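Two forms, one protein chain; structure tokens for each follow separately as structure 1 and structure 2.
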Structure 1
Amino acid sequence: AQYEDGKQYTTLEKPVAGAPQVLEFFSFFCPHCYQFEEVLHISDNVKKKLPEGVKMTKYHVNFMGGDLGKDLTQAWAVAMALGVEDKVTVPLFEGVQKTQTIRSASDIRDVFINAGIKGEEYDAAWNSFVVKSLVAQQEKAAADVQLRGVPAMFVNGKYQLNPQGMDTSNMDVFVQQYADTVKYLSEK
């Protein structure tokens, strides 16, 4: 077959019932995740190749970056609660990996303030139990599939993308192969 288990994707031993339709995991410390956002725009191209209104979920992970890695998961929960993912994703990535100006939770906060989120608004969300629950959902989804590496995408809690099995000579061909595989698994 053109799409084969083990080539463009793998199948989880234990499927996760009730998982989001398209679930991505990333970390701002993850170098390929930087490429996936700034260079390849994987999420946007995947969303485009999916039907209108299909839910896509993107979660941060703790296992990279020690203390600051956990701060960034809580901050991503703040981004999701306020709906400002599209405003902080790039400066958080560049702050961690490019300029390396993010070394504390306050430095993360500065990215949100520079993005236009008010101080009282960020601090209230940061300490809110709505964000606490959002942090738990990110941890629960990662623990559900024993996640040990990022970037990672899961389709309907049963299939895991395998980008190592695609072509990486052409960036644009890789993205299109990746998105078509998500679409293929979506229709399974």
Structure 2
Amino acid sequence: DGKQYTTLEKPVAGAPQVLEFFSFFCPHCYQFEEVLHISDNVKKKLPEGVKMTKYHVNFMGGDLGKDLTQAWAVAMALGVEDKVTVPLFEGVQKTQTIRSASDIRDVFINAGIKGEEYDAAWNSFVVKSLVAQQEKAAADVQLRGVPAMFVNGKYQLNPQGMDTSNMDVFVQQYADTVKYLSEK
């Protein structure tokens, strides 16, 4: 109990069944996703049909981070989030070329989203709604750190209890825990 997850006292309404919070500015999130590939390994183990979604957070990267949350909404709106995840992480943390909102847009353009399509999405209702969802879900759990993962809007993963002597075992322990939780 509490070893691999905790139960929220107030469940999150409208949350993706498997919800990962992250920041492109967060080095740990980069380790979590681009080295451990947690979400990929979780997805492989999830029951068929279960939605896993990543939500961006606003509390890193200054006001640019908030723009990135909106760009991430654009990505989800356009269905390119999986693709742009890598160049956004790399642009922020590796090449350090994401220093303004136009640099974010450039990543999308280079990923094949025309500037005009990005801008129209940026200003669209679907994007505003996705931004509202990301911000509301973070508020609903009083999120103070990333990465974090929540299942069924009810269960918060606790990686602290998990054995880290072997990264492969850690990843599968974590993925197994998510699957178990998703089936509750």
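Under this definition, the rigid core comprises the largest set of C-alpha atoms superposing within 1.5 Å between the forms. Structure 1's sequence is the ruler for residue numbers, which start at 1.
Once the core is aligned, please say if the CA of residue 19 is shifted by at least 2 angstroms between the two structures.
-> The answer is yes; the displacement is at least 2 Å.
By how many angstrom is the Cα of residue 168 displaced between the two structures when the rigid core is overlaid?
-> Between its two positions, the C-alpha of residue 168 lies 2.2 Å apart after core fitting.
Having superposed the rigid core, state how many Å the Cα of residue 112 shifts between the two structures.
-> Rounded to one decimal, the shift is 0.3 Å.
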